[PDB]
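Just one chain follows, in the form deposited in one PDB entry, and it is written as structure tokens.
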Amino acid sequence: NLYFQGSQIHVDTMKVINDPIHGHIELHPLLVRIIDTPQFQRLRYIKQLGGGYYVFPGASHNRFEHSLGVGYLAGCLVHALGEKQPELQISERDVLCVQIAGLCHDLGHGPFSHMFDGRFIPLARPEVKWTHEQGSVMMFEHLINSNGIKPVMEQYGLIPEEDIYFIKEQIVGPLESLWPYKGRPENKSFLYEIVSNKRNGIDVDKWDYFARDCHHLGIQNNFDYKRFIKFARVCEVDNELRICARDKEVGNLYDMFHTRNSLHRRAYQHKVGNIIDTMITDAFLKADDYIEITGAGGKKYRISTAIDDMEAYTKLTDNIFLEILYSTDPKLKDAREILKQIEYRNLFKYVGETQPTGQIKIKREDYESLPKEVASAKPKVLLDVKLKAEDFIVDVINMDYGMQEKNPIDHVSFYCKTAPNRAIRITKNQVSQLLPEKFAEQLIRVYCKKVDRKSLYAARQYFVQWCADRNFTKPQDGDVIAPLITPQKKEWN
């Protein structure tokens, strides 16, 4: 009932949601429509850090709130780039599409997030190749079709067939195979760098999880994403328009990847968190033959096969832990007993950690053979117990800056104050001699399933002996856990 320039004013109030990390943020009605579906709401029942909650009691946060944050930040970054550079022709349609991809990027996560595709599926179905990101595309497709989203998209200026395709590309990368993307052209290349940056890992996903995980873990975040946004521009790089950082921010960019690595070190790869994920996975494996999840047209699926049917997969969340824990079926006894051990805190025992020494790298094809190697070590110590291959767990952890051996800053372009449209490169030695010399390494953790004092003492001797035999690094507590073993190795002394 109000008019301006002779035309009626229309008031479209956005939904406002209060997030502890980002504060009060506005959700466009199209995002709301996507959020309020069983497919998206599912993420409320999947813990961001999986078993981490069993080590960090503040880490009760789920994928849901993280996904909201990623959608929000994606919008924030695209908007800012567009406000500073109208010449990029960023439309509200483009903004929505990037927001949606941010929201939906984690739709394919299973129970306990990275445990599911990182540990469980590879063991439960070695023939398949599965990733949560592929799952996110399938789940996104299912969300769209089951909830009649296409008309709603059209209503807000989206072109579904193109934009749905674009969204999927933002999530999983190129869907085929020159410029490998179809949803958007080279001059909007920078749009593909926002949610999931496959080129250098600088994206808003990190920005949310740094801040969110820190808030819940009780570890403090030292990366400033708002600063980064202020010092980001889009410049021409080899015929694409790409996000570039202000040159003097290079220190802060190295620090961003240092933060990521510290979080993996302190929290995500916590030695006990990992053994809890291991044990949960063992329980799932022992339960997989007996639990039934009903999918499309009444078909029955297993935990390991629910990934093949999005209707079933929709019902596959952290709930499965409790279904197992609370079960009475005798056939689930073995699974159930593992989870009960978790509850009584009768966990597999951490033996130690070591690393390879040279340019030596442990191949994934050889992971399975490692426990046997440990059991076959011959420590010159008098022991009450003999341990077998099956008593040992050997967990190999790849720690890196997100691109294996590569320095991600070598794949970043910068701009200078005096020529803010000119992209440049900055090399490592131009920056600082105090930076890492390598960008990838492996940590090897060894655990023992025999938890008594005598078995643990024995396991330590086998472990350190194995380290010596393989020319691995001297464990940090080596002289304490295995004083009779460490002298033999003079490379260690």
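Numbering starts at 1 and follows the sequence shown. Under this definition, the rigid core comprises the largest set of C-alpha atoms superposing within 1.5 Å between the forms.
The form deposited in another entry is left out here; the points below concern that form.
- Here the rigid core is superposed between the shown form and the other one, and of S146, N319, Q134, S376 the C-alpha of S376 is the only one to shift by 2 Å or more.
- In the core-superposed comparison between the shown form and the other one, the C-alpha atom of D288 has shifted by less than 2 angstroms.
- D247: CA moves 2 Å or more between the shown form and the other one after rigid-core fitting.
- After superposing the rigid core, the Cα of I171 is displaced by less than 2 Å between the shown form and the other one.
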